């Protein structure tokens, strides 16, 4: 019921449809559905803070049109 943006370190901006009650975990699942990135690779940063999976957008008072920042985990083998 609201739109937020997810900005990458690659010059890409993702638009997501979310609700205040969505957990960060849910937001990551939505990013997976839309963009193909597994949730365990995603870290989401907002206003100098890394957001935690069990918290909701409402917990952080994240308003519509807000921009979250995505940094990927790196794993090599």
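Positions refer to the first chain, counted from 1. Throughout, rigid core stands for the largest set of C-alpha atoms superposing within 1.5 Å between the two forms.
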property: Core-fitted comparison in 4 other deposited structures of this protein, 8-16 vs 57-65, farther C-alphas; result: 8-16
property: Record-listed C-alpha B factor of residue 47: chain third; result: highest
property: Residue 58 by Cα B-factor - lowest, middle or highest third of the modelled chain; result: highest
property: Within-chain third of residue 21 by Cα B-factor, per the entry; result: highest
property: Residue 70, C-alpha B-factor rank within chain (lowest, middle or highest third); result: lowest
property: Chain-wide C-alpha B factor ranking for residue 4, given as lowest, middle or highest third; result: lowest
